[PDB]
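To keep things clear, I will list the structure first and then write my remarks on it.
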Ligand code: HEC
Ligand code: HEM
Ligand code: HEM
Ligand code: HEM
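Protein chains in written order, with the deposited numbering: chain A, 2 to 52; chain B, 12 to 109; chain C, 1 to 379; chain D, 164 to 217; chain E, 56 to 109; chain F, 2 to 75; chain G, 2 to 240; chain H, 13 to 77; chain I, 79 to 110; chain J, 4 to 59.
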């Protein structure tokens with residue numbers, strides 16, 4: 002809504018992008034590991050031995 | 012004129028048939044709830060009794076007699092100033108928030 | 001010293017939820033359905049359990065088990081057709097409940113609304129899986145089509161459908177796991193119904209006028225207990241009329257043929273309460289588009305509290321909104337009929353227009369109309 | 164209970180249905196049990212009220 | 056399944072053919088014993104420390 | 002939410018009569034029928050038209066269908 | 002393409018509370034036994050079911066004993082014929098569906114336990130199918146061995162004319178005209194698909210009378226309890 | 013042995029609906045037979061005729077049985 | 079002002095027997 | 004009026020009310036079963052097995 006945007010909320014976004022992006026990376030790696038996603042995991046040195 | 016369609020819609024809405032004023036049908040959100048809290052005692056009591064009469068009528072599926080209908084020209088907007096002030100204050104708080 | 005009704009822990013909950021609950025004194029008959037659904041749920045939990053005591057989920061003996069239920073068990077037919085037509089009545093009451101929510105602006109109770117959407121999804125899932133157990137022609141082929149629907153999901157789709165099937169095609173494993181999921185799910189529905197009631201009771205209820213009835217509440221027990229008993233009696237009248245006079249009125253006759261996977265039935269329509277959804281799927285040419293529209297048809301109920309723009313919670317004081325609501329109901333009926341009919345020249349275009357109109361009314365027509373509503377009322 | 168004259172085809176399916184339904188009744192009763200226990204609080208090994216050291 | 060012509064055969068099917076099905080089967084069979092061990096110890100605890108006052 | 006903190010009301014008097022002193026069906030037909038007629042008149046111009054349109058669409062679709070299944074002379 | 006819709010015949014068991022003509026059921030069973038049972042089956046129906054609906058107990062015993070059914074292994078592990086009893090379902094004309102398909106051209110004669118409840122139309126469809134055979138109209142050439150029946154979807158059935166005139170001899174003495182045979186067999190097949198038909202209608206009658214007695218009374222109770230609120234008169238007395 | 017169904021049929025084809033049904037049918041037979049290598053068939057003209065005649069017969073017949 | 083509080087007439091809804099200044103509420107209580 | 008006597012006799016006590024309900028259950032069940040069965044056999048006279056068993 003119009004309550005969002007504005008000056009203040011943009012700095013909040015700036016301070017929370019690092020943590021949110023790293024949480025997204027956490028989720029991506031968790032999905033890859035749990036589902037044993039071949040596509041991503043055929044290029045990581047050690048665990049290529051699974052297949 | 013446009014008032015013709017406005018009056019037609021006022022009659023078609025049917026809340027006047029229950030002896031209700033326009034602002035009596037307002038959905039009670041947060042700003043509106045604060046608005047009713049802000050109301051003076053006499054207006055609040057009148058509004059409460061009017062709503063009780065409307066609920067009583069709808070329970071029996073009956074409407075007020077023809078003559079006791081809130082005429083479109085006599086629908087005082089008692090809540091409108093208080094609700095406008097509450098919304099303006101909320102807008103001020105939101106603007107200070109950004 | 002003290003009343004047990006309001007001092008005993010369990011009795012305190014029962015009192016505050018069914019006895020002394022302040023309910024609006026002007027709620028119309030449309031509010032009875034919340035009771036009936038629950039009662040229907042109980043009935044579905046009940047008769048189905050008695051169906052579980054003579055039904056053996058297996059490909060070579062599921063249909064023979066059902067026909068033995070209806071032909072050799074004492075009064076087996078009563079329980080079986082009670083269950084089928086009670087599921088149909090359950091969906092009738094569910095649709096009427098959602099219609100009441102849409103009309104009288106009950107979606108401002110967001111927690112209860114979303115829990116209701118979850119319950120709706122769970123009930124459609126439960127009924128779909130339940131229709132598979134008889135292992136008839138329509139059972140087998142409808143299950144095949146609806147599960148193949150998930151193949152449209154990108155990347156993981158084929159793996160998903162082969163996981164659901166438990167193999168390569170609808171077969172023994174699918175039947176058994178469908179029976180197990182069919183047993184488990186209604187208890188999840190019951191827990192979600194308890195959560196639904198818990199969320200509702202904190203905000204009271206919505207009377208038809210849409211105004212706060214805090215000045216008019218009446219005790220639940222003396223009045224709405226007998227009101228809901230009368231409503232349940234009416235629903236039992238309808239259900240027993242269906243069971244004892246035209247049992248298979250709302251059913252495909254071809255389901256009384258053992259599932260032969262080598263013969264596609266001329267018609268593969270799902271149950272009557274799914275066609276409104278199914279027609280939507282047949283509207284979009286794209287497969288993934290079809291599945292997405294299928295899911296979104298149900299999911300659009302979540303967006304309603306965000307799409308409400310009129311300053312009046314209810315609809316009884318908004319005539320042009322009533323016209324659009326009844327247009328939407330007529331559109332739903334048209335979608336059901338279209339899903340029933342084959343996908344040919346006079347029906348493809350009608351289904352496309354019906355689906356477009358349904359989405360457009362929910363998303364576009366109603367909010368703009370409510371804006372015009374507020375403008376007309378000088379607020 | 165046998166659904167006939169001896170434990171047979173009927174009793175097996177009947178027991179299957181009952182074994183399926185019952186644990187959910189057990190869960191409901193367990194919830195009621197936790198409710199009742201919470202209305203008073205747990206009992207410590209010493210057997211004495213421990214409202215001070217909670 | 057729940058028919059007497061396919062009960063034992065279906066159990067053996069779960070044990071031998073279903074992928075990791077034997078883990079679930081024996082987990083159930085011995086989790087029943089674990090459940091009852093915990094149940095008996097729970098009743099003994101309630102008896103010993105006078106929790107039956109609740 | 003229980004009775005006691007529902008709202009604040011003043012100067013409202015309610016008269017009620019015992020259910021054993023009244024008749025459960027007072028003017029059931031004499032007063033009920035005009036009321037039902039008025040209620041039907043109020044809404045019939047807002048609920049009927051869409052269903053009439055649906056019936057027209059139903060009939061048109063059915064006639065178009067089995068007209069399509071008929072021969073085309075050639 | 003196109004499809005004949007079977008006209009709604011005025012069956013005796015058509016009214017809301019009209020049971021089945023059990024004499025017609027008795028005759029239809031004989032019609033099935035002597036004509037239809039050569040290539041169809043109702044495996045879900047056993048001779049026991051006939052007791053008390055179309056045949057007496059001793060008659061059902063006699064009917065069952067007229068046929069020979071496979072039994073279990075002997076003390077030597079072989080298969081042996083034995084006369085049937087009131088626990089053996091109606092014998093399957095063909096041991097396996099492949100034999101049935103091979104013998105009757107290449108079509109499987111459907112099992113008729115549910116052939117009325119599985120066909121769109123019910124007794125009307127089957128009656129019209131049996132009494133609807135006709136010479137194909139010009140421009141349609143059926144391959145030898147197929148027979149033109151308009152009501153059958155595709156208008157080309159693999160079915161020899163099942164019932165001609167005076168096929169069998171009804172024990173009652175009723176003339177065995179084709180229409181009578183078809184009516185009786187259709188009623189019998191309706192009983193086969195819905196054995197609870199008579200009791201269903203009976204329970205429906207009791208249900209109707211109970212609701213007609215209860216719904217007014219429960220409505221009266223509702224009015225009784227709510228009449229406090231319906232007659233409630235309010236008043237506003239502000240200072 | 014005469015079949016009541018046949019008698020009801022013969023007495024029943026005289027309805028004016030079945031009349032024009034038979035005229036359309038016969039027109040179809042001449043049209044199809046005259047055309048040597050055609051594909052059109054008289055199936056649905058026969059279908060209309062049978063629909064009318066069979067609704068008629070369904071009204072009668074069972075009374076005679 | 080409390081003396082001006084007069085119950086509105088309920089003769090429209092009142093039940094047959096109890097419709098007069100005669101007592102009609104003790105002897106007819108059992109009937110209703 | 005008789006209804007007053009009914010109320011004073013069988014209806015005032017809740018437990019006597021329940022006893023009246025219970026005995027009414029017996030007699031109403033029997034009477035209603037007789038009536039409904041008779042009505043059905045009258046409607047479909049000559050078609051039920053009960054009406055045709057005599058000739059076998
Ligand atoms: C000697 C063989 C034979 C006799 C006699 C026979 N049938 Fe059939 N019937 C068949 C075959 C073969 C089919 C398969 C036709 C097809 O599927 O195209 C068939 C098909 C049917 C169908 C299927 C209709 C449909 O479209 O679902 C019904 C119903 C039927 N028969 C009933 C009967 C009745 C009733 C009788 C006698 C009273 C009878 N039959 C006598 C061999 C027979
Ligand atoms: C959420 C409520 C339920 C719904 C909507 C539902 C729906 C259905 C439907 C539509 C059928 C198909 C009936 C038929 O085609 O003849 C069915 C079958 C079945 N249901 Fe349910 N059911 C419900 C609850 C239950 C429960 C709780 C059980 C287990 C206790 C159960 C057990 C069965 C069984 C065993 C069958 C197969 C027998 C049959 O087909 O009738 N159902 N269900
Ligand atoms: C499992 C099926 C369901 C059951 C058992 C159930 C149960 C109930 C009950 C008993 C009530 C109170 C009675 C009433 O107000 O009508 C209620 C209210 C409500 N339910 Fe449901 N419900 C179900 C499904 C749904 C669905 C699908 C929705 C919509 C998404 C929904 C949304 C609501 C809303 C909004 C209310 C408040 C109505 C009001 O007070 O105005 N429920 N529910
Ligand atoms: C279904 C199995 C059961 C579950 C899930 C269950 C659950 C629980 C839980 C979680 C507690 C709190 C933890 C504890 O104090 O041990 C508890 C307490 C208790 N349970 Fe159970 N219980 C079960 C069976 C039983 C049985 C069989 C009895 C004895 C008849 C019993 C009597 C008690 C008592 C007396 C307490 C309070 C203990 C204390 O205050 O010291 N429970 N129950």
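In this text, a Cβ means the ideal position worked out from N, Cα and C, and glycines have one as well.
Scan the region 150-182 of chain G for residues whose Cβ lies nearer than 7 Å to a Cβ of chain H and list them as they occur along the chain.
-> Residues 151, 156, 166, 167, 176, 178, 179, 180 and 181.
Taking residue 299/C as the reference, give the member of 3/C, 93/C, 117/C and 262/C with the closest Cα.
-> Here the closest residue by C-alpha is 117/C.
Within the 7 Å Cβ cut-off, does residue 14/B reach chain A?
-> For residue 14/B, the answer is no, since every Cβ of chain A falls outside 7 Å of its Cβ.
Is the number of C-beta pairs between the region 84-92 of chain G and the region 44-58 of chain G that are closer than 8 Å three or more?
-> Yes: the two stretches touch, three or more of their Cβ pairs being nearer than 8 Å.
Can the beta-carbon of residue 5/G be found closer than 7 Å to that of residue 152/G?
-> Yes.
Length of the line joining the Cα atoms of residue 217/D and residue 23/A = Distance between the alpha carbons of residue 217/D and residue 23/A: 39 Å.
Using Cβ-Cβ distances below 7 Å, what residues of the region 12-31 of chain F are close to chain I?
-> Listed in sequence order: 14, 16, 18, 21, 22, 23, 24 and 27.
Spatially closest choice to residue 43/F from 66/B, 23/B and 38/B, by CA coordinates = It is 23/B.
Beta strand (DSSP E) containing residue 235/G: first to last residue?
-> Taken as a continuous stretch (DSSP letters only), the beta strand (DSSP E) holding residue 235/G covers 234-237.
Cβ-based neighbour list, residue 196/C, same chain, cut-off 7 Å, excluding 5 preceding and 5 following = Setting aside the 5 residues that flank it on each side, residue 196/C is surrounded in the same chain by 112, 115, 116 and 119, each with a C-beta closer than 7 Å to its C-beta; the list follows chain order.
Examine chain G for any beta-carbon lying closer than 7 Å to the beta-carbon of residue 13/H, and answer yes or no.
-> Yes, contact with chain G.
Residue 41/B burial status per 10 Å Cβ neighbour count (16 or more: buried) | With a threshold of 16 other beta carbon atoms within 10 Å, residue 41/B falls short and is exposed.
Output yes or no for whether 7 Å exceeds the beta carbon distance between residue 23/J and residue 109/I.
-> For the pair residue 23/J and residue 109/I, the CB atoms are not nearer than the 7 Å cut-off.
Please classify residue 93/E: is it buried, with 16 or more other beta-carbons within 10 angstroms of its beta-carbon, or exposed?
-> Per the 10 Å Cβ criterion, exposed.
Heavy atom of ligand 3 less than 6 Å from the Cβ of residue 43/C, yes or no?
-> Result no, Cβ not under 6 Å from ligand 3.
Of the listed residues 220/C, 227/C and 281/C, nearest to residue 221/G (C-alpha basis) | Check the Cα spacing between residue 221/G and each of 220/C, 227/C and 281/C: the tightest is with 227/C.
Closer than 8 Å by beta-carbon distance: list the chain G residues that pair up with residue 70/F, in chain order.
-> Residues of chain G whose Cβ lies closer than 8 Å to the Cβ of residue 70/F are, in chain order, 2 and 3.
Would you say residue 49/C reaches chain D, if we count a Cβ-Cβ gap shorter than 7 Å as a contact?
-> Residue 49/C counts as touching chain D.
Interface residues of chain C facing residue 7/F [CB-CB closer than 8 Å] | Within chain C, 22, 214, 215 and 217 have C-beta atoms less than 8 Å from the C-beta of residue 7/F, given in sequence order.
Helix, strand or coil: which one does DSSP assign to residue 152/G?
-> Looking at residue 152/G - three-state DSSP - the assignment turns out to be coil, as it is neither helix nor strand.
Return no unless some Cβ of chain F is closer than 7 Å to the Cβ of residue 84/I.
-> No, its Cβ sits nowhere closer than 7 Å to a Cβ of chain F.
Are the C-beta of residue 56/C and some C-beta of chain E separated by less than 7 Å?
-> Interface residue, yes.
Going along the chain, which residues of its own chain have a beta-carbon closer than 6 Å to the beta-carbon of residue 149/C, five neighbours each way excluded?
-> Non-local beta-carbon contacts of residue 149/C in its own chain, meaning distances under 6 Å to residues more than five positions away in sequence, involve 291 in chain order.
If you drop the 5 nearest sequence neighbours on each side, which residues of the same chain put their C-beta closer than 6 Å to that of residue 5/C?
-> Correct list, in chain order: 11 and 15.
Specify the secondary structure class of residue 63/E as computed by DSSP and reduced to three states.
-> Correct three-state label for residue 63/E: helix.
Output yes if chain C places a C-beta closer than 7 Å to the C-beta of residue 168/D; else output no.
-> With 7 Å as the cut-off, residue 168/D does not count as an interface residue toward chain C.
Does the region 325-335 of chain C touch the region 274-281 of chain C, meaning 3 or more C-beta pairs lie closer than 8 Å?
-> Cβ pair count under 8 Å is three or more, so yes.
Every unbroken alpha helix (DSSP H) within the region 258-346 of chain C, with a cutoff of 4 residues, ordered by chain = Taking only runs of at least 4 residues, the alpha helix (DSSP H) segments lying wholly in the region 258-346 of chain C are 275-283, 287-307 and 319-340.
Would you tell me roughly how many angstroms separate the C-alpha atoms of residue 42/A and residue 49/A, rounded to the nearest one?
-> In a straight line, the C-alpha of residue 42/A is about 6 Å away from that of residue 49/A.
Identify which residue in 174/G, 121/G and 162/G has its Cα closest to the Cα of residue 147/G.
-> Comparing Cα-Cα distances from residue 147/G to each of 174/G, 121/G and 162/G, the minimum goes to 162/G.
May I ask you to check if the CB of residue 183/C is nearer than 6 Å to at least one heavy atom of ligand 2?
-> At least one heavy atom of ligand 2 lies closer than 6 Å to the C-beta of residue 183/C.
Residue 76/B to residue 27/B span [Cα, whole Å] | Between residue 76/B and residue 27/B, the C-alpha separation is close to 11 Å.
Chain E beta carbons: is any one of them nearer than 7 Å to that of residue 61/C?
-> Judged by the 7 Å Cβ criterion, residue 61/C is in contact with chain E.
When DSSP labels each residue in this structure, what does residue 84/G get in the three-state scheme?
-> Here residue 84/G sits in strand by DSSP.
Which residues in the same chain as residue 76/E place their Cβ atom closer than 6 Å to its Cβ, once the five residues preceding and following it in sequence are excluded?
-> Cβ contact annotation for residue 76/E (same chain, cutoff 6 Å, sequence separation greater than five): 69, in chain order.
In terms of residue numbering, what span does the beta strand (DSSP E) encompassing residue 1/G cover?
-> Because chain G is modelled from 2 through 240, residue 1/G falls outside the range shown and cannot be assessed.
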